Every structure is written in structure tokens, then in C-alpha cells.
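Worksheet: one structure, shown below.
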Amino acid sequence: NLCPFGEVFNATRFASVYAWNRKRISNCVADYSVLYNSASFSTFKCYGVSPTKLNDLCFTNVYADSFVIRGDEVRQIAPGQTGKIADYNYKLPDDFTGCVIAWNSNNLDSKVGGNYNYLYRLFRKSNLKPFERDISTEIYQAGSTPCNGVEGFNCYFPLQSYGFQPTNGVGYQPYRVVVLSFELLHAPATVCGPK
Amino acid sequence: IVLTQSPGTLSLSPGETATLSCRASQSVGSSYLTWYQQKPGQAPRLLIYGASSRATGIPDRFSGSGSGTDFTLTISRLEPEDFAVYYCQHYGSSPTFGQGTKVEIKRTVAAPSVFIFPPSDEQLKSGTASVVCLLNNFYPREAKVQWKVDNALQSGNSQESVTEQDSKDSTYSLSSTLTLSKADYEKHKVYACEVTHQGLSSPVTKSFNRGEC
Amino acid sequence: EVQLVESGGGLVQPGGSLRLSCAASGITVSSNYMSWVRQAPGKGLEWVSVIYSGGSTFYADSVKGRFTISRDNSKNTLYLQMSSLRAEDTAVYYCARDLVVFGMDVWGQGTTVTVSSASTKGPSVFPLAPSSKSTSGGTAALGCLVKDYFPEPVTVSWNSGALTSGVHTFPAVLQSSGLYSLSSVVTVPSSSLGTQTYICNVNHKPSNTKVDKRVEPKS
């Protein structure tokens, strides 16, 4: 049945986390479920409802924020912890029920000799309130002097690069991550599986 | 993640080249790893950010290299201000410094000496005794000192101390001290400390009977 | 024209609490990854903790929970507040500006922390009088020993402080008793060991003791 999970899970154009791609959707609904968890992934954790039974609650709408991160940094995708992605690149709210998926992507996203198509907002003035794409690549001022938007001693480009070689550790292969935020706004329900 | 830093130590001459091979436990990318320089006591400054990207104020004479299993910091033409201890750290979750690599001045090998200073009554009447074994301006640190009392293994009971590299002429002076009681001093008769170095061909030993001056 | 003031050393019993001060010049600590690291005594260099631009702390796994990193944006200060300390945490602590991809670029002067169950106590001075063993070419080596002082630092100076060359002041060592001790040796001509104005000088601030003691030949 007509649902869009393909172009976001088996996709080809996965963007950097600093500009993580929102995708609001309206799924496929029948008398049975909406997707399968996994046959070959790397990390998969769904809150509120156990990761084996996502279809247990119908949702009015969802946001499947897709991006790529390091291996171990999937750690700091989960709500409650405050890693480097959680504060500046991507926060999940401390009271959250949704899910996170992360599959290894060395075989696709790694260019021999060093891929650099993937960035992430390293510096940023303060923490993000949940889900605010800080797309602005404006120069960052860590001090008392604005720099007219030109890099200097304390004026730094805010995005930086992962740099995926193919020889990396198991915790450094780019895991393509897709995080499903299940919204709670009260309208007729769209996203779910069975009857 | 663990960041070993081969090799243990590197000795060099003024104006000479240098390589220092940091080696991850895993194999990792090159963007994250950085190379810091620490002077003895002072605070660690930065040398290399990214794989080899020299930072501000960093002379062109430093060069990063490599990726994956190992990365290497290199120096073209030496200078004493470059003589320090370099720490490679791979900023993964949070920095994991390597155990460092003292960089010291290559110096014609020199013979450590060995001197003796036993405790005396002024020190005995405090209920504790401490003997002194001494070495002066040897090279390099790979030196061996042991304490033979009754020609046994006086292990543990001895404390080793050794000066830092001597900026004036890059040497090493060392001492050791045995923590005995007054009864421990009284019981035994002979005390000796032996030293074997890459600067001498024999295990040179100093010996002395108790009470003999 | 840019630096991180470091102040507030520490001399504490285990399990206590203590504080150390970092203060930015130019840097706005409310806009940086600030991070404290520690050097154990002459051993490695362990990273300790990090405070993000926003309020968020990440501590080393060996000091998890027991410390705190705090902020004063109003007066531009970074605080190390140490709780439930332990014997090995004797160290030198560095406040360091952090740019994860550019590496920690600005580092404070570093301030010394001592954690130990012992108590402040003055030294004891014992000569190290040379003999025929230390006489070869005139290289008369003579020292004096500082036994069961506490705590670090001390200073030692000879000739009432007029001889700082030819000196070898071997660092202190923390022993089983927990009472700091060390020694220091200098070298002088053979005709000097039998007669000269030999004074070795031990100065310990915490026990405010200034012993300008005399080292003599013994027999």
C-alpha cells in the first residue's frame, strides 16, 4: 500500500546533520502493520513503545529526520543525554516517545582517500530547543568582536566534516540515521498500520 | 578507544629530522586526531589540528601524515624549542591522549657514576634509616640500578628518583633510597648498590660494611 | 592579549571538597567548549571534564559524578568544584579552550591539587656527606635529604641560595607512609668537601619552616 518509507530508508541522497532533512508524510494503512523493524541494521531503539511493535499506536503525523553521523554518536541521539549532536546539531526532547534507526553506511557513503560531503554544526552559541534546524552558516563569534562574517582568530565556520575513510573503526563508519518523531497534535490520524 | 604512541622515546640531534608514530587500537579516520606539544611542567599547547593541518603560529617545519592504523608527526629541521613531549589525542567521544613521547637530545653515550651515602646516628635516633645511591649525568634513561643487601633482592623497599632532561647539556642524574628501620639497619652487615647501563660494559657496584666509614 | 587565568590550588583530605578558578580574557566562556584536564604526578595526561557552550558537562569515566564543572557567565568564570576526592587525584589541573576539530587551542596556567590523608608537617634534614666513593677527578658529590615533609612544594638552595648551578634537586616522591620526601645533591672539588661554607637550605611554605641547615662531613 502507498507509503513513502522507501525514499527515506533505502534513499540515496542523505544530507548532513546540520541541515537534517525533515520529511512529513502520510503513510499506507491496511488491516496489517506499517513496516518491518529490521533484518540488517546496526542500532534500533524505540521509546514509549517497544522496538518490535511500533504499529501499536496510530499517529496523526510524524517527522523522519534523516542524516548521517558517526558510529558511537548514535549514543547521543537518544533523549536525555547531552552529547555534541544533542546540544547543537540535533536534540531529542527529554520527554519523548518515537524511535531511532541507524544502519552502517561504509559501503555507500565512504570515498576512498577521504569523503568530505558530510558536515555538522560544531560551534553554536547555545543549546537548541528541540527540532530547530540552525541552517545558518553565519560566522560564529566566540568573543567580544564581530568579524563582519570573515573567519579569524575567534570567528569560525560552524559546520565541519566527518571525513569517512573506508578503514575506519566499527564506531566511525558513517551510520545513516533516521529518527522518527511521533507528533501528538490532535487531528484525524494518518500514519499507522493495521485496522 | 586506545591510542598507543610508538615508540617509547625518540632521541635526536639539533637540526635533524623526526618521526613520531601514533597508533590507534582500532583503525580510525584522520580528521579528528590532533598532536599537542607539552613543555616540561608548562601547559600543553597545540601543534596539529586535523590530520596534518598546521594551526596558527605553527611553523611549517611540522607535518602530520598518515591515516587509519597510524598517524605520524614529522619535523624537518630541529630546534631546541621543538624539544618537548608530544601527545597525540584522537578527539573521539572525548580526548584519549597517548602516553606521550619524550623527545630528547641525542648525546654521545656517557658513563653514569655511583656514590654512596648511608644514614647515621643523627638519623638513626629517629627510628628510621635511608641509604643513598647516586648517579651523575648519564645518557640515556635506559639504566638499571638494584640494591644488594646480603646480595638479596631488596625489592620494593627502594625509591627511585631521577632529574628531568638537563636543558644545558641533556643529561640524567639519578638516586635511590632504601626505607629501613633502626633494627633493619642494625641486623645486617653489607650494603651495596649495583648499576648496569648502556654507557658501561660492567655491572659497577659500590659496597660497604655496616658501621664502616 | 588573550589567556585563561588559572588560580586556586588545593591541599585537601580525601573525601573533601575544593574549588579551582578559570577566568577568560577575550574568550567568552559562555560561547566555548571549555575543558579541564589533569596531569597525574609525572604520569600521562588525562582529560577530566568538559562544559559545553550551553550548560552541559561530560566528565572522564574515572571521575564520573564526583566532580562538578560550573559557570559564571556574568563575571566570565569557569569553576572546578571537586567532591569526594581520592588519593591518586593529586595532579595539576588545566583549564583549556576547546575546538573539537581544531583541538584544545588555549590552555590555562594550570594549578596544583593535592589529595592525601596525611597532614601538613615540616621537614627533617639529614646530610649526605661524601667519601672516597664520590672522589674521582674531584667530582665531590654531596647532598642533603628532606625526609617526611608534607606537602609539595618545597625549595632547596645551597650556599645560602647563591649556588643554583651544578645543583641536582631530585624531585620528591610520595611513599608508603604518605609523608613526602626527597633529596638534593651538588658537585664540588675534592678540596671543597673537607672545608667550605656548606649550607643547604630547605623552605616549606605550608609548614612555614625555613631551615638553613649545615651539611658536614661525618665519620
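Note on naming: chains are A, B, ... as they come in the C-alpha cells, residues start from 1 per chain, ligands start from 1 in the order shown.
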Contact set, chain A to chain C: 7 Å, only C-alpha atoms, as a VMD selection string: chain A and resid 82 125 to 127 142 to 144
Between chain A and chain B, at 9 Å or less, what are the per-residue closest atom pairs and their distances in Å? Count only C-alpha atoms, order by chain and rising residue number, and return it as JSON lines.
```
{"residue": "A:72", "atom": "CA", "partner": "B:93", "partner_atom": "CA", "distance": 7.8}
{"residue": "A:73", "atom": "CA", "partner": "B:93", "partner_atom": "CA", "distance": 7.8}
{"residue": "A:83", "atom": "CA", "partner": "B:93", "partner_atom": "CA", "distance": 8.6}
{"residue": "A:84", "atom": "CA", "partner": "B:93", "partner_atom": "CA", "distance": 8.8}
{"residue": "A:114", "atom": "CA", "partner": "B:29", "partner_atom": "CA", "distance": 8.3}
{"residue": "A:153", "atom": "CA", "partner": "B:56", "partner_atom": "CA", "distance": 8.6}
{"residue": "A:161", "atom": "CA", "partner": "B:31", "partner_atom": "CA", "distance": 7.9}
{"residue": "A:162", "atom": "CA", "partner": "B:31", "partner_atom": "CA", "distance": 7.1}
{"residue": "A:163", "atom": "CA", "partner": "B:31", "partner_atom": "CA", "distance": 6.3}
{"residue": "A:164", "atom": "CA", "partner": "B:29", "partner_atom": "CA", "distance": 6.6}
{"residue": "A:165", "atom": "CA", "partner": "B:29", "partner_atom": "CA", "distance": 6.0}
{"residue": "A:166", "atom": "CA", "partner": "B:29", "partner_atom": "CA", "distance": 8.6}
{"residue": "A:167", "atom": "CA", "partner": "B:68", "partner_atom": "CA", "distance": 6.0}
{"residue": "A:168", "atom": "CA", "partner": "B:28", "partner_atom": "CA", "distance": 4.2}
{"residue": "A:169", "atom": "CA", "partner": "B:27", "partner_atom": "CA", "distance": 5.2}
{"residue": "A:170", "atom": "CA", "partner": "B:26", "partner_atom": "CA", "distance": 8.2}
{"residue": "A:171", "atom": "CA", "partner": "B:28", "partner_atom": "CA", "distance": 8.8}
{"residue": "A:172", "atom": "CA", "partner": "B:28", "partner_atom": "CA", "distance": 6.9}
```
For C-alpha atoms, I'd like the residues from the last selection saved as a compact mmCIF listing (two decimals), in the first residue's frame.
```txt
# COMPACT_ATOMS: atom_id res chain seq x y z
CA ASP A 72 29.19 5.78 18.64
CA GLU A 73 27.42 9.12 18.25
CA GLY A 83 26.30 14.88 23.65
CA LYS A 84 27.65 17.11 20.92
CA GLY A 114 38.56 10.80 2.47
CA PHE A 153 41.11 34.01 15.48
CA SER A 161 33.30 17.50 8.28
CA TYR A 162 33.29 13.85 9.32
CA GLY A 163 35.75 12.57 6.72
CA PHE A 164 34.87 8.92 6.08
CA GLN A 165 37.74 6.70 5.00
CA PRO A 166 36.88 3.02 4.40
CA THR A 167 39.34 1.71 7.02
CA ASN A 168 37.62 3.34 9.99
CA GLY A 169 36.72 1.67 13.26
CA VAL A 170 33.39 -0.03 13.78
CA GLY A 171 32.37 3.07 15.73
CA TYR A 172 33.37 5.50 12.97
```
Quick one: residues within 7 Å of residue 141 in chain C, only C-alpha atoms counted, chain neighbours fewer than 6 positions away excluded, as an mmCIF file with N, CA, C and O atoms, in the first residue's frame?
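Everything below was put into result.cif:
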```cif
data_model
loop_
_atom_site.group_PDB
_atom_site.id
_atom_site.type_symbol
_atom_site.label_atom_id
_atom_site.label_comp_id
_atom_site.auth_asym_id
_atom_site.auth_seq_id
_atom_site.Cartn_x
_atom_site.Cartn_y
_atom_site.Cartn_z
ATOM 1 N N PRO C 130 79.920 13.262 51.563
ATOM 2 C CA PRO C 130 80.648 12.428 50.604
ATOM 3 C C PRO C 130 81.750 11.623 51.268
ATOM 4 O O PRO C 130 81.981 11.744 52.475
ATOM 5 N N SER C 134 82.792 9.076 46.181
ATOM 6 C CA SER C 134 82.428 10.192 45.317
ATOM 7 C C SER C 134 83.596 11.138 45.062
ATOM 8 O O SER C 134 83.393 12.344 44.890
ATOM 9 N N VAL C 185 71.468 17.132 45.548
ATOM 10 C CA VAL C 185 72.907 16.915 45.530
ATOM 11 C C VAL C 185 73.562 17.946 44.622
ATOM 12 O O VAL C 185 72.986 18.373 43.617
ATOM 13 N N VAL C 186 74.777 18.353 44.993
ATOM 14 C CA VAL C 186 75.601 19.241 44.189
ATOM 15 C C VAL C 186 77.000 18.635 44.129
ATOM 16 O O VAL C 186 77.343 17.721 44.887
ATOM 17 N N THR C 187 77.809 19.145 43.203
ATOM 18 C CA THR C 187 79.148 18.630 42.968
ATOM 19 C C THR C 187 80.167 19.758 43.070
ATOM 20 O O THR C 187 79.944 20.862 42.567
ATOM 21 N N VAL C 188 81.286 19.458 43.720
ATOM 22 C CA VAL C 188 82.285 20.442 44.135
ATOM 23 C C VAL C 188 83.654 19.780 44.121
ATOM 24 O O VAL C 188 83.761 18.548 44.155
#
```
Chain C contacts on chain B, only C-alpha atoms, 8 Å, as a ChimeraX atom specification: /B:31-32,34,42-46,49-50,55,91,94-100,114-119,122-123,132,159,161-163,173-175,206,213
Could you write out that same residue set with C-alpha atoms as an mmCIF file, in the first residue's frame?
```cif
data_model
loop_
_atom_site.group_PDB
_atom_site.id
_atom_site.type_symbol
_atom_site.label_atom_id
_atom_site.label_comp_id
_atom_site.auth_asym_id
_atom_site.auth_seq_id
_atom_site.Cartn_x
_atom_site.Cartn_y
_atom_site.Cartn_z
ATOM 1 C CA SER B 31 40.198 14.456 10.697
ATOM 2 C CA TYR B 32 39.796 14.079 14.443
ATOM 3 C CA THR B 34 45.461 16.058 16.805
ATOM 4 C CA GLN B 42 54.191 24.164 31.336
ATOM 5 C CA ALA B 43 50.812 23.804 29.807
ATOM 6 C CA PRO B 44 50.221 21.729 26.666
ATOM 7 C CA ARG B 45 49.848 23.822 23.531
ATOM 8 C CA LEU B 46 48.595 22.690 20.151
ATOM 9 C CA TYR B 49 44.652 20.038 14.201
ATOM 10 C CA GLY B 50 43.067 17.692 11.720
ATOM 11 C CA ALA B 55 47.363 25.610 13.301
ATOM 12 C CA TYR B 91 39.059 13.524 19.891
ATOM 13 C CA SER B 94 36.337 12.867 24.362
ATOM 14 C CA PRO B 95 40.119 13.156 24.086
ATOM 15 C CA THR B 96 42.147 9.990 24.649
ATOM 16 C CA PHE B 97 45.740 11.136 24.873
ATOM 17 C CA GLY B 98 48.573 8.812 24.091
ATOM 18 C CA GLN B 99 51.115 8.211 26.809
ATOM 19 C CA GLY B 100 53.382 10.773 25.150
ATOM 20 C CA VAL B 114 77.677 5.780 41.516
ATOM 21 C CA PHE B 115 78.053 7.234 45.016
ATOM 22 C CA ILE B 116 77.005 6.100 48.495
ATOM 23 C CA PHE B 117 75.570 7.964 51.491
ATOM 24 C CA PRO B 118 74.388 5.737 54.362
ATOM 25 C CA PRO B 119 72.348 7.196 57.230
ATOM 26 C CA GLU B 122 71.571 11.763 63.976
ATOM 27 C CA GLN B 123 69.176 9.995 61.532
ATOM 28 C CA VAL B 132 71.556 6.983 49.187
ATOM 29 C CA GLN B 159 62.594 4.562 45.903
ATOM 30 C CA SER B 161 64.330 9.365 41.654
ATOM 31 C CA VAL B 162 65.852 10.974 38.583
ATOM 32 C CA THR B 163 66.111 14.531 37.307
ATOM 33 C CA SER B 173 71.259 12.187 37.267
ATOM 34 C CA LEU B 174 69.593 9.615 39.489
ATOM 35 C CA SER B 175 69.341 8.441 43.082
ATOM 36 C CA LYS B 206 79.509 0.077 45.349
ATOM 37 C CA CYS B 213 83.088 4.899 57.269
#
```
Filtered DSSP result for chain C, state helix (DSSP H, G or I), as a ChimeraX atom specification: /C:29-31,87-89,132-134,159-161,190-193
Shell around residue 205 in chain C at 10 Å using only C-alpha atoms, local window under 5 positions removed, as a PyMOL selection string: chain C and resi 122+150-155+210
Given the selection you just returned, output its residues as a file containing C-alpha atoms, formatted as a PDB file, in the first residue's frame.
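The result, stored in again-v4.pdb:
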```
ATOM      1  CA  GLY C 122      57.604  20.320  58.409  1.00  0.00           C
ATOM      2  CA  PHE C 150      54.491  17.479  53.675  1.00  0.00           C
ATOM      3  CA  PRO C 151      53.310  18.768  51.320  1.00  0.00           C
ATOM      4  CA  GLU C 152      54.743  19.701  47.941  1.00  0.00           C
ATOM      5  CA  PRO C 153      56.121  22.220  47.140  1.00  0.00           C
ATOM      6  CA  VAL C 154      59.403  22.933  48.862  1.00  0.00           C
ATOM      7  CA  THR C 155      62.521  24.684  47.694  1.00  0.00           C
ATOM      8  CA  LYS C 210      62.863  27.954  56.790  1.00  0.00           C
TER       9      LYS C 210
END
```
